[PDB]
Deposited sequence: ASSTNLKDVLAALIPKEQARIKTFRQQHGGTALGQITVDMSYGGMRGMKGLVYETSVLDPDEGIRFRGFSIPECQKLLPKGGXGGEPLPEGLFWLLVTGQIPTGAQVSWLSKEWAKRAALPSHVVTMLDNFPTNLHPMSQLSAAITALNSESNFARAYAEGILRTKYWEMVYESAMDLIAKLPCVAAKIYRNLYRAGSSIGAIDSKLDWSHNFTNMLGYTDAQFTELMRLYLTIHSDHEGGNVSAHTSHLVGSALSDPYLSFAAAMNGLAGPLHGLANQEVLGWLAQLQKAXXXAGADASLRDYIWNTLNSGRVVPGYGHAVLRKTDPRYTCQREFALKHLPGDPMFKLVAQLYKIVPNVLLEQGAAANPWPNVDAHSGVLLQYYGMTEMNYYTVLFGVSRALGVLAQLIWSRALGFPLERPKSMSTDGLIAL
């Protein structure tokens, strides 16, 4: 009988996984995984194997994987609009379930996400009264924290549900959240950049990306394609990155998914993290302000380094090679905007930056990360409001942290609560 239902699929999947994690632990719970050194402690857990996160695993050389699926692989296997880029909808099914979805499954997340899109009056209100000097990420985060009055897990909890059923409310929570995100995001864009206009409504027949672009006001067909790849590739990046790990950390205290995602964005918003999106553009904007020589480009990079700032869009805590997210973007540019000056500028830096970083001898990974290439793609299409870029990153990331949130709760993952130490204490240990 019947038809598509992530939830019913999930219901078959949880017990097996549980069981499977049970014996594993019964047999290796005591196996040492690694060691912890002083340096790791002082170094922000660098190199520490500390979290279990399932939806994605990052390889230091090869880069991110969604099952064991690489970006190029997803590109090939996930369903497309009709027509080149992969639907973030399909990634999502993939992240939750471990399996490649059928277009028919994919069409289901679309409707579903379309059905759930709705904003409460208080939230709209707040967004409309916010000042234009309030950063876009700030507005996004305060808005999602403010949606928690709508929480199905928050409500269920207060009613006293048995802990075995958490995963069920979380899932509603997450589907509703994802569903709402674009409305919230577009409302910010519109208030800040298209004053007096309106987001309009969601069209049950479109895919999530395409309703987002409409609400953002973009008509360019290829722009929609950009959005679909963008939202897909920004999805997830294992659980130790600030944004994901934050969501995991807060979600672990039983704060609802709205509250964990909003904390997550306060993290995405850090310069060292997602804000790099925006930071690259400004730096590029500054560069061009002060078609240059490789050498003048180089004087430029040293000046940043010498000033005790970072070069944005370069380096990575885990990656040891060029981010396949960066390559992916590059290949998109070569097909669609190969003659763009900004693009050409990004291709040029690629030949200098890492060399300069190797020169300085401090960065462990001198290659570009995803942030180095995303904004140029956007700017080309007419979306030149750079302080807004990170919101896009936010909307995508929801796909991964929320898919995992549902698993944490399904698996009964407990309170994230490590032991801390002081310098005196350590010195004495």
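Going by the record, the unmodelled stretches of the deposited sequence, in order, are 83, 292-294.
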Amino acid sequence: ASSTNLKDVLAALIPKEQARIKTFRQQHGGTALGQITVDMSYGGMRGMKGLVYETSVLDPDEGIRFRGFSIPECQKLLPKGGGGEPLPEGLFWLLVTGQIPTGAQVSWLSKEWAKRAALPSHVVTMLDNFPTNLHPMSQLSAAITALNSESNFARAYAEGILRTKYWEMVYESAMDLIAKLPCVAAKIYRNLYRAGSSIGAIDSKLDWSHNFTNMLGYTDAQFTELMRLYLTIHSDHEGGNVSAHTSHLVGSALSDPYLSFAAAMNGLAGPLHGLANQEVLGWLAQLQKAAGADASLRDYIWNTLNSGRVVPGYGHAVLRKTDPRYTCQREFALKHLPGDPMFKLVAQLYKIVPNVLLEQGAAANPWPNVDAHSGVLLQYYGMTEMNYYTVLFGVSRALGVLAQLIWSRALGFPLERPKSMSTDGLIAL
From here on, numbers count along this sequence of modelled residues.
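Take the two forms, find the largest set of C-alpha atoms that superpose within 1.5 Å, and that set is the rigid core.
Core superposition of the other structures onto this form places the C-alphas of 339-347 farther off in 4 other deposited structures of this protein than those of the other stretch among 339-347 and 175-183. In a rigid core superposition of the other structures in 4 other deposited structures of this protein, 235-243 and 193-201 differ in how far their CA atoms stray, and the farther one is 193-201.
When 258-266 is weighed against 78-86, 78-86 comes out higher, by mean CA B-factor as recorded in the entry.
As the entry records it, the average C-alpha temperature factor is higher for 198-206, out of 181-189 and 198-206. The residue among 150, 176, 299, 340 whose C-alpha atom has the highest B-factor in the PDB entry is 150. Per the deposited coordinates, the residue with the largest Cα temperature factor out of 274, 160, 240, 72 is 72. Residue 15: CA B factor lies in the highest third for its chain, per the PDB record. Sort the chain's modelled residues by C-alpha temperature factor and residue 253 lands in the lowest third, per the entry. The entry lists a Cα temperature factor for residue 93 that places it in the lowest third of the chain's modelled residues. Among the modelled residues of its chain, residue 364 has a C-alpha B-factor that falls in the middle third, as given in the PDB entry. Placement of the Cα temperature factor of residue 421 within the chain: lowest third of the modelled residues, per the deposited record.
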